[PDB]
């Protein structure tokens, strides 16, 4: 051909068929999927829909509050950074022999969100009892229409795939109880979540409301000065998010104490080191809160490390990792004709107006 730059791969145009993606027994061929998606290859739409809906069916049978025992690798926000998700599994261990808990935010910001969803859903189908996925605040209609996931689905697949994802996201569990020690959630606590039963009783099968316990689980944050508070308001309006709350160190410690838990593991906030351990509880001598953030060099500019938390043999091993190369996209997945045509029009008009004076 006359293609100028061979220093980058040319993505495959072939869309993988059901026969190529699923073995005779209905098992996803995750190695083929990984390789094809890493090449920016697409699936046939019907195949993508099958992965999403089969995953949803499994998620739908799970409880709001999962029980997950160690050993397990716990992961925070991914935000569509598919090429970093690939490194994440190398750092955390192969899902074929490693239990996983993801704390949500699979989509938005990164422009490989649908690849993240398809691959994780395929892994869920293959490893339904060892790979676990929680809901984050981005796994909803409201945020995905504001950010880029809906457009991503439109350009790569169609709104049918988007809608399937929205239903699947409604099915995502909200929390895990890990080793009967750790409450794991995307965001944090709620003034309406005082025991674990308060999570168990929720109806999660919906778009998250703008208020209430389900909202708070996905949306809340620790105070900026968590552990060094000047007042003792347990929950205050979250002026950063515009909804839900900031929770205080006394709020967390009282909850942990009451429910005989060791710590809260959550995600939802970028961390330069990929993690943050907050002040030890006065009743456990262990950090009251840990944030895990699994998206290295977030937005391609934060220059943060990512981390996962591997809990095994009574050791919590925080494993940091750095970013991996990924392909380029114009903002909002704009094609180069749509991008350049206005400039063409402006410059050609410019030229001729001046030629004709």
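Residue numbers count along the first chain shown, from 1. The term rigid core refers to the maximal set of C-alpha atoms that superpose within 1.5 Å between the two forms.
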{"query": "Higher-deviation segment by CA RMS in 4 other deposited structures of this protein, core fitted, 223-231 or 106-114", "finding": "223-231"}
{"query": "Greater Cα displacement in 4 other deposited structures of this protein once the core is superposed, comparing 171-179 with 276-284", "finding": "276-284"}
{"query": "Between the two ranges 254-262 and 147-155, the one averaging a larger CA B factor in the entry", "finding": "254-262"}
{"query": "12-20 versus 331-339 - greater average Cα B-factor per the deposited record", "finding": "12-20"}
{"query": "Selection by C-alpha B-factor (highest) of 271, 113, 283, 73", "finding": "283"}
{"query": "Options 229, 207, 163, 108 - largest CA temperature factor per the record", "finding": "229"}
{"query": "Ranked C-alpha temperature factor of residue 61 among modelled chain residues, by third", "finding": "highest"}
{"query": "Residue 142 - Cα temperature factor, lowest/middle/highest third of chain", "finding": "middle"}
{"query": "Ranked C-alpha temperature factor of residue 49 among modelled chain residues, by third", "finding": "middle"}
{"query": "B-factor third for the C-alpha atom of residue 196 within its chain", "finding": "highest"}
{"query": "Assigned third (lowest, middle, highest) for the C-alpha B factor of residue 183", "finding": "middle"}
